[PDB]
Amino acid sequence: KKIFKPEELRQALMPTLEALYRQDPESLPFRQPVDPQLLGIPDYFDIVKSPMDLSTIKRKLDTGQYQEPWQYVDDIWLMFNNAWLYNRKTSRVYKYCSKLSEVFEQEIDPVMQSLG
Ligand SMILES: CCc1c(C(=O)NCc2cccc(Cl)c2)[nH]c(C)c1C(C)=O
């Protein structure tokens, strides 16, 4: 039941988020919230009830919204799962999502062993 200072959480986790955000071009579809009206996908919020993206996660990390590291990890998988759920497996975004998830696994694994 260890408690982490918000600042130490940000320090430990931010490099993993940076690694995802910097991944080009695979991060591009995940750098901002999905905007259904712009994209012409009006059923999006019927399928995805809990939208998530890298900018939102970044904000949560900056503003003390995570009490413990698994909450960050939860949001990352929420983001990936939303994309795997909504998009066809052949789609560009699905494929980018999978590649990003592999980057995430490599970066996160040592951090979370070293943390919680
Ligand atoms: C298909 C819509 C979508 C995007 C997206 O941003 N597309 C536009 C785009 C902009 C730049 C680069 C690319 Cl490749 C696509 N993003 C997500 C998570 C999704 C979904 C539904 O899951």
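Per the deposition metadata, X-ray crystallography was the technique used to determine this entry, at a resolution of 2.1000 Å.

Per the PDB entry, the protein is named Histone acetyltransferase p300, and its organism is Homo sapiens. The deposited PDB record carries the title "Crystal structure of the bromodomain of human EP300 bound to the inhibitor XDM1".

## Focus on the layout of surface pockets
As a volume, the largest pocket reaches approximately 340 Å³. Residue lining of the largest pocket: 18 residues in total, with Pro 29, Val 34, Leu 39, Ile 41 and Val 93 positioned closest to the centre. Of all the secondary structure elements, the ones that give two or more residues to the lining of the largest pocket are helix 2 (36-39) and helix 5 (69-86). Among the residues forming the lining of the largest pocket, the class breakdown is 13 nonpolar, 3 polar and 2 charged.

## Some words on unusual backbone geometry
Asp 24 connects to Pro 25 through a cis peptide bond whose omega is 10°. With respect to the helices, strands and loops of the structure, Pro 25 is situated in the loop between helix 1 (6-22) and helix 2.

Rules behind the numbers
Residues numbered from 1 in each chain as written, not as in the entry; some residues may be left out. Heavy atoms only, no water. 1 Å grid on protein atoms, 1.4 Å probe; cavity = no way out; pocket = protein on both sides within 12 Å on 5 of 7 lines; lining within 4 Å. Points joined across faces, edges and corners; volume = space filled by probe spheres on them. Helix = DSSP H or I, 4+ residues; strand = E, 2+ residues; numbered from the N terminus. Nonpolar A, V, L, I, M, F, W, Y, C, P; charged D, E, K, R; others polar.

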